[PDB]
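Asks: missing the sequence, but the structure's below:
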């Protein structure tokens, strides 16, 4: 991000936490209290459900 | 060019964020959307563009 006049170098980790998180944090799914994810599949128009 | 730049800078919609958005702090109780610069509404506001 920057090179100080003292010669030291500022890295992104010096000013931030870098991790793998999520694009969004608004939806939290719990199955019987345990953390969970899942797929809310929807049937296409005029399609067999079975 | 100056007029167009001023009108584009001073008549715009700007995304701001959220108070107490996700991922939040553990004890957060309040959540509110942050409103920021929005489009002008009247000839009077346009005339006051600097």
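Replies: Looks like it arrived, so ask away. Residues are numbered from 1 along each chain as shown, chains lettered A, B, ... in the order given.
Asks: next, count neighbours for residue 17.
Replies: Going with chain A. 7 (other CB atoms under 10 Å in any protein chain shown). For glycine as for every other residue, the C-beta is placed from the backbone atoms N, C-alpha and C.
Asks: if you could check chain B rather than the one you did, that'd help
Replies: 8.
Asks: my guess is it contacts residue B:35, does it?
Replies: No: judged on CB atoms under 8 Å, residue B:17 makes no contact with residue B:35 at a distance of 10.2 Å.
Asks: quickly find the element holding residue B:3.
Replies: Applying DSSP states H and E as the criterion places residue B:3 in helix B:2-10.
Asks: wait, what's in contact with the closest residue to chain B within chain A?
Replies: At 3.6 Å from chain B, residue A:25 is the closest residue in chain A, using CB to the nearest CB. By CB atoms under 8 Å, 6 or more residues apart in numbering or on different chains, the residues touching residue A:25 are B:22, B:23.
Asks: how close does it get to residue B:9?
Replies: In this view, residue A:25 and residue B:9 are 32 Å apart by CB to CB, to the nearest Å.
Asks: all strands of chain A, in order?
Replies: A:2-3, A:9-10, A:29-31, A:34-36 (DSSP state E).
Asks: need the contact list for residue A:37.
Replies: residue A:29.
Asks: hmm, 10 Å instead?
Replies: With contacts defined as CB atoms under 10 Å, 6 or more residues apart in numbering or on different chains, residue A:37 is in contact with A:27, A:28, A:29, A:31.
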